[PDB]
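A.B. asks:
Residue numbers (UniProt numbering), protein chains in the order written: chain A, 3 to 113; chain B, 2 to 113; chain C, 400 to 448; chain D, 4 to 448; chain E, 4 to 100; chain F, 151 to 200; chain G, 4 to 438; chain H, 350 to 399.
#1: With a threshold of 9 angstroms between beta-carbons, can residue 154 of chain F be considered close to chain I, or not?
#2: From the DSSP output, read off the bridge partner residues of residue 141 of chain D.
#3: So residue 70 of chain G contacts chain F; which residues on that side make the cut at Cβ distance below 9 angstroms?
#4: Just the Cα atoms here: how many angstroms apart are residue 86 of chain G and residue 228 of chain G?
#5: Check each residue of the segment 33 to 56 of chain E: if its Cβ is closer than 7 angstroms to any Cβ of chain D, include it; give the result in chain order.
#6: Since residue 97 of chain D and residue 301 of chain D are thought to touch, with beta carbons under 8 angstroms apart, how far apart are those beta carbons, to the nearest angstrom?
#7: Flag residue 363 of chain D as yes when its Cβ comes closer than 8 angstroms to any non-hydrogen atom of the ligand PLP, and as no otherwise.
#8: Given this structure, state the Cα-to-Cα distance separating residue 58 of chain B from residue 43 of chain B, to the nearest angstrom.
#9: Please report how far the alpha carbon of residue 433 of chain G lies from the alpha carbon of residue 120 of chain G, in whole angstroms.
#10: Under three-state DSSP, which class holds residue 183 of chain F?
#11: Given a limit of 7 angstroms on CB to CB distance, which residues of the segment 96 to 112 of chain B reach chain A?
#12: Does residue 103 of chain D pass the burial test, meaning 16 or more other C-beta atoms within 10 Å, or should it be called exposed?
#13: If we define contact as Cβ-Cβ less than 9 angstroms, is residue 63 of chain E a contact residue for chain H?
#14: Check the Cβ-Cβ distances between residue 239 of chain D and every residue of chain F, and say whether any is below 9 angstroms.
#15: List the whole-angstrom C-beta distance separating residue 95 of chain D from residue 134 of chain D, where the pair is believed to meet the contact cut-off of C-beta under 8 angstroms.
#16: As a quick exercise: from A:11, A:112, A:107, pick the residue whose alpha carbon is nearest that of residue 70 of chain A.
#17: Mark residue 431 of chain G as exposed unless 16 or more other C-beta atoms lie within 10 angstroms of its C-beta, in which case mark it buried.
#18: Return the bridge partner residues of residue 386 of chain D from the DSSP annotation.
#19: Just to make sure I have the definition right: I need the residues of chain E whose C-beta is within less than 9 angstroms of the C-beta of residue 131 of chain D. Which are they?
#20: Where does residue 216 of chain G fall in DSSP's three states?
#21: If the criterion is Cβ atoms closer than 9 angstroms, does the pair residue 78 of chain A and residue 37 of chain A meet it?
#22: Run down chain B in chain order and give the residues with a C-beta less than 9 angstroms from the C-beta of residue 26 of chain A.
#23: Could you confirm whether any beta carbon from chain A is found closer than 9 angstroms to the beta carbon of residue 22 of chain E?
#24: For the segment 156 to 167 of chain G and the segment 334 to 344 of chain G, state whether three or more C-beta atom pairs, one from each stretch, are separated by less than 8 angstroms.
#25: Mind checking if residue 392 of chain H is an interface residue toward chain A, Cβ cutoff 9 angstroms exclusive?
#26: Taking residue 413 of chain C as the reference, give the member of C:443, C:447, C:424, C:436 with the closest Cα.
#27: Since residue 442 of chain G and residue 289 of chain G are thought to touch, with beta carbons under 8 angstroms apart, how far apart are those beta carbons, to the nearest angstrom?
#28: Using a Cβ-Cβ distance cut-off of 9 angstroms, determine whether residue 447 of chain C contacts chain D.
#29: Taking the C-alpha atoms as reference points, what is the distance between residue 9 of chain G and residue 48 of chain G?
#30: For residue 206 of chain G, count neighbouring Cβ atoms within 10 angstroms of its own Cβ and tell me buried if that reaches 16, exposed if not.
#31: For the structure I just gave you, are there three or more beta carbon pairs, one from the segment 248 to 255 of chain D and one from the segment 180 to 194 of chain F, closer than 8 angstroms?
#32: Which stretch, first to last residue, makes up the alpha helix (DSSP H) that contains residue 22 of chain E?
#33: With a threshold of 9 angstroms between beta-carbons, can residue 401 of chain C be considered close to chain B, or not?
#34: Determine whether the beta carbon atoms of residue 393 of chain G and residue 404 of chain G lie at a separation below 9 angstroms.
#35: With three or more C-beta pairs closer than 8 angstroms as the rule, is the segment 366 to 384 of chain D touching the segment 345 to 357 of chain D?
#36: State the CB to CB distance for the pair residue 49 of chain B and residue 22 of chain B, rounded to an integer number of angstroms; the pair is presumed to be in contact (CB under 8 angstroms).
Okay, here's the thing in structure tokens:
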């Protein structure tokens, strides 16, 4: 299924997103650093632009890497919605099954 | 989906949040207790001694009875009788509203 | 506005769409109604996920 | 099946009409007193939604049967089907061609000794349209399941055709809103020649000024001499009075016909403001109304097929009606917006020739056409952006190509509006393809 | 003979209509939400100013051709041509008595 | 080399010829408009002051 | 759509013909210096892959159109079609039954005393051909969207025609590819009678040495004496000069016409006597020619039907041309391979009865035929599976006692290199049943 | 002398795939491995080797 989201502030593709609420429609912005994100952008979305959130429960995501990620590394939110390695449970939202440099997309399995 | 047999043990009502327990060689189900995270959602009335089934599937969203007025984006938890109510305590949040609901109306929810 | 029907619903419903206008201590309820006939499926429901 | 449904399903009564006729003591219901079966008409005269079954009065065991079955044939035309052009079977692209006028050239029989073969190029501007809409409509008719609602093949086949008509209606609903989008498109692009007004609903008089600015504009469009002032290409063209259409909101046209007394007795005239095509409001926030030409809508049809499928397992059909259309507008063909509230001072800079093949070392006169809403003169900064080889333009728009350019350069005509703190650089733009010449030179004098 | 050219050439987009229908939640663009091919109509529905080759949507190596060429025939008139008199073949002066 | 039909190749030539005929309408408007401004300049219009 | 594409898109130039005509002192381009439009021609001379929009020269606003559209209709055939046999509408397998000759027995009226009712079965051999190829060609024609790319109904129907003819030119190509697979399959199984010859294009005398090995062997095939050699199954068959076909390639064709068939005074004294089907070439690493019988190819048709359908939601027809086909070879008919390079010393070993039926305690003799590309490679070693400790193969004779397993007779020839004799060997097998 | 890439005129949807088929025109019998590469790309876009 899917639902309407109103964005919040300059969403970039492949970045980790988080939801909020304001006037009514759920607001979407880049997820804060060191936590668990809610959604992955598939395309760029302007600040106040309405769009859809495609809830097709995925077991794995394709997310832009914020730093050097190795295979099996536990991942959390980094800066600007990027994904980074973490050694602190609770910030973990998944783990990499691929190796990635920086700014490259990395496949990760959500857990 | 993956279906399995489960027995109600306390008058299961449709669109209510459900919990389960280990019973007499069978999973027994009932309305989820207040202020927690439910496991299953009813979609049929099943009385206290009635035997039914559960259809397993990672559903994106559930449609349940609102235990109170709900605003879009509200984090929800169990309430009285297995209904869904607004909250703010993360540990009891099982999903959130994507649509408005008045008490007694269905509210679509997205699992987290 | 999306009715979702239980897997063992067996009687005649009525949806209601209520616009509350008027006084806080006199709720003037304007209610539009529709009628739903529940027809069986014989599917194995129960619980999900 | 159903039960327990009364005649009051969804009905929120303001007063019970049957007490009022009963309790009528010289009241205003007193003419409903001599009616014999008054209490029966009040019960089910509003229609019945759910069809309760009714026993017969004389013989209770018999059931009173459904007599006539009326199938409604209500059709939904496009208001703008009269602006749609022909059909295009093959191809995709449409090409417009408009050949403009030229200058006058005094007869001089001494200058004619050498200026035979003088090479004046005609002033043709072209404009391209392609297919845009490509969509289908979809009904399933279960034929065998609908044979139980219908006892005669007249009423059965009439109902089948009323599902085909709902497909045909669904086309001219969406063709409306597509053609309604093109007005919302063209004004959002800034290609309308806007006419600033005050908000007409704010006062009478402000209405009366708005009918002045429409009656004056309408005669200016249909001047036979034509003008370069009212289209977004700024060629010299006219319109006709019968082919001029005032697309206006229903609420706004209601105000003018009652308050502005001159327009009142000029309804059923096709020539006071052209043909008023009342639609509902525009999605653009300021656009009050629009005068427009018949040749404005370059709306063409490409495909009208109703291909069909039959499911044997389901015992039904699928009716798939495809509508493919070119839905674009002509940047020729005079078109005027009427915009209330805040406008920019200058809405468009139309640069003549917007397309140029200019030789290395050659020249080309460009002209800007500043479409301002106020009555003010505005300075055109001509520029050459792009290119790599030092080509420059003069302050009036004569391009001078630098002899070995070999790079495509585009020519901009900037009209800064607003203040210097927020310079609102309304820019029109031409393009130039640089042709080689193999010429010598490099310095002059 | 042109290289890279846009469809927005002399276009001063006071607002973007694509982002207006996309970000619409009942603010007057609610009539365009059930409109199917809205983005492709508003893209090139202002009459592309400089032509660019469009490849065919099914077999990509083919060129979608120019189908119809509409040569406009606006006939400008002199509104005072009803005030013209006859034609004088020979001579120069008119004597009005 | 910009047409595939003679019926459209002829119709563009006629649009170039009728563009010349359209030019003789635009100027003739202006000269007959000038005769008004000549006559008011030379003062031979019977003037009503408004 | 295709924004910034050069005209020299997929082009690796060797020299710039613009500059070489321009540098006119190079005394080979001097005849192009008179040409006043040499730069315009040598730009779009090879053609344009991308169709940039060309503006009109006189009025820049106009666009130079397409004048003429040419559909390039091609019809390509199958060279090996004359080897097909027929069609088999009903039924699946093909059984082919051969009856070999017997062994002469000495007169011996002493031992004719007790053998009057001795039963002696013929050397009847069979092999089976199931239906192999079962495939279909898929072509979607999305016809209402192809109206945009044409402005006439003549070019439009001529283009739907060529898509349908493109579906038939696949059934002529892939049918040809499987039939050269049946030669590379057969050579990969080790089932040809391999003949050693150098590459004929090596020194032009090895071409002459190659024709000597083609007109020897093509005589050796059609001797009325017959032969146990020159085929798998090792039967004594003979063949006919008319029923011989040769395959060579277009390389041996032209070299023979230039180097041999033109110098020769009598062309019939050096004509590869057989029929020659000139083909592309074989995918095996050394296999140059294949000399073969007519009835070697067992290629039979089973189904050729076109099925169409229309999707009314996507406005397209969808053409399913089915081709079902029996594609096998016949081991009874002769087959010679003409192979350069290194070959194995023994190609295969043929165990002369392929299936037997022996009682508990019966007696079958088994026989080996070594193929032997060299002058001598011998010493068949005989073994048997089936794990019962009274059974024994010995030289030729099989003991086969009251053990009741489906045993198989595994023979061996040791093509080997020194201490590489642990892997290096060539076997042949038979299957022996009980009772 | 030439490396002919077979779908020269490719129109691929976002997230889609096209197979590319390089026909190297060699003037000998030597084999030459084709190295595939994408120019004009972003993150997420490459050719997988063959």
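Note that beta-carbon positions come from the ideal geometry of N, C-alpha and C, so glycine has one too.
C.D. replies: This is what the structure holds:
#1: In the structure shown, chain I does not exist; the protein chains are A, B, C, D, E, F, G and H.
#2: Against the fourth chain, residue 141 of chain D aligns to sequence position 138. DSSP lists D:323 as partners of residue 141 of chain D.
#3: Taking the first residue of the seventh chain as 1, we reach residue 70 of chain G at position 67. 151, 154, listed in chain order.
#4: As a position in the seventh chain, residue 86 of chain G is number 83, starting the count at 1. As a position in the seventh chain, residue 228 of chain G is number 225, starting the count at 1. Residue 86 of chain G and residue 228 of chain G have their alpha carbons spaced roughly 26 angstroms apart.
#5: For the segment 33 to 56 of chain E, which is checked against every Cβ of chain D, the residues closer than 7 angstroms are 34, 35, 38, 39, 40, 41, 43, 44, 45, 47, 48, 49, 50, 51, 52, 53, 54.
#6: Within the fourth chain, residue 97 of chain D is the residue found at index 94, counting from 1. Within the fourth chain, residue 301 of chain D is the residue found at index 298, counting from 1. Indeed, because the Cβ distance is near 7 angstroms, the residues count as touching under 8 angstroms.
#7: The model on display carries no ligand, and the ligand PLP is accordingly not part of it.
#8: Your numbering for residue 58 of chain B matches position 57 in the second chain. Your numbering for residue 43 of chain B matches position 42 in the second chain. Taking the straight line from one Cα to the other gives about 14 angstroms.
#9: On the seventh chain, residue 433 of chain G is found 430 positions in, with the first residue counted as 1. On the seventh chain, residue 120 of chain G is found 117 positions in, with the first residue counted as 1. Residue 433 of chain G and residue 120 of chain G have their alpha carbons spaced roughly 28 angstroms apart.
#10: Your numbering for residue 183 of chain F matches position 33 in the sixth chain. Residue 183 of chain F sits in a helix when the DSSP states are folded into three classes.
#11: Among the residues of the segment 96 to 112 of chain B, those with a Cβ less than 7 angstroms away from any Cβ of chain A are 99, 111, in the order of the chain.
#12: Within the fourth chain, residue 103 of chain D is the residue found at index 100, counting from 1. With 16 or more other Cβ atoms inside 10 Å of its own Cβ, residue 103 of chain D counts as buried.
#13: Start at 1 with the first residue of the fifth chain, and residue 63 of chain E comes out as number 60. With 9 angstroms as the cut-off, residue 63 of chain E counts as an interface residue toward chain H.
#14: The sequence position of residue 239 of chain D within the fourth chain is 236, counting from 1. When Cβ-Cβ separations below 9 angstroms define contact, residue 239 of chain D makes contact with chain F.
#15: Within the fourth chain, the letter at position 92 stands for residue 95 of chain D. Within the fourth chain, the letter at position 131 stands for residue 134 of chain D. Cβ atoms of residue 95 of chain D and residue 134 of chain D come within 8 angstroms of each other, at about 5 angstroms.
#16: The residue given as residue 70 of chain A occupies position 68 in the first chain. When only C-alpha atoms are compared, the closest one is A:107.
#17: As a position in the seventh chain, residue 431 of chain G is number 428, starting the count at 1. Taking every protein chain shown into account, the CB of residue 431 of chain G has 16 or more other CB atoms within 10 angstroms, so this residue is buried.
#18: Indexing the fourth chain from 1 puts residue 386 of chain D at position 383. Residue 386 of chain D is bridged to D:415.
#19: Taking the first residue of the fourth chain as 1, we reach residue 131 of chain D at position 128. Per Cβ cutoff of 9 angstroms: 47, 50, 51, 52, 53, 54, 55, 69.
#20: The count along the seventh chain starts at 1 and reaches residue 216 of chain G at position 213. Look at residue 216 of chain G here: in three-state DSSP terms it is helix.
#21: For the purposes of this step, residue 78 of chain A is identified with residue 76 of the first chain, where counting begins at 1. For the purposes of this step, residue 37 of chain A is identified with residue 35 of the first chain, where counting begins at 1. In this structure, residue 37 of chain A lies closer than 9 angstroms to residue 78 of chain A by Cβ.
#22: Here the question's residue 26 of chain A lines up with position 24 in the first chain. Those within 9 angstroms of residue 26 of chain A in chain B are 72, 73, 74, 101.
#23: Against the fifth chain, residue 22 of chain E aligns to sequence position 19. Chain A has a Cβ within less than 9 angstroms of the Cβ of residue 22 of chain E.
#24: At 8 angstroms Cβ cutoff, the stretches do not touch.
#25: Against the eighth chain, residue 392 of chain H aligns to sequence position 43. It does; some Cβ of chain A falls within 9 angstroms.
#26: Along the third chain, one-based indexing puts residue 413 of chain C at 14. Here the closest residue by C-alpha is C:436.
#27: Any answer about residue 442 of chain G is impossible in this case: the structure gives chain G only from 4 up to 438.
#28: As a working mapping, residue 447 of chain C is identified with position 48 in the third chain. The beta-carbon of residue 447 of chain C is placed no less than 9 angstroms from the nearest beta-carbon of chain D.
#29: Taking the first residue of the seventh chain as position 1, residue 9 of chain G is located at position 6. Taking the first residue of the seventh chain as position 1, residue 48 of chain G is located at position 45. In a straight line, the C-alpha of residue 9 of chain G is about 14 angstroms away from that of residue 48 of chain G.
#30: Start at 1 with the first residue of the seventh chain, and residue 206 of chain G comes out as number 203. Counting every other CB atom within 10 Å of its CB across the protein chains shown gives residue 206 of chain G a total below 16, marking it as exposed.
#31: For the pair of segments examined, the segment 248 to 255 of chain D was found not to touch the segment 180 to 194 of chain F: the number of CB pairs separated by less than 8 angstroms stays below three.
#32: The residue you call residue 22 of chain E lines up with position 19 of the fifth chain. Secondary structure note for residue 22 of chain E: its alpha helix (DSSP H) is the uninterrupted segment 20 to 25.
#33: Your numbering for residue 401 of chain C matches position 2 in the third chain. Among the residues facing chain B, residue 401 of chain C is included, as its CB has a counterpart in that chain under 9 angstroms away.
#34: Taking the seventh chain and counting its residues from 1, one reaches residue 393 of chain G at position 390. Taking the seventh chain and counting its residues from 1, one reaches residue 404 of chain G at position 401. In this structure, residue 404 of chain G lies closer than 9 angstroms to residue 393 of chain G by Cβ.
#35: The answer is yes - the segment 366 to 384 of chain D touches the segment 345 to 357 of chain D, with three or more Cβ pairs under 8 angstroms.
#36: As a position in the second chain, residue 49 of chain B is number 48, starting the count at 1. As a position in the second chain, residue 22 of chain B is number 21, starting the count at 1. About 14 angstroms separates the Cβ atoms of residue 49 of chain B and residue 22 of chain B, ruling out a contact at the 8 angstroms cut-off.
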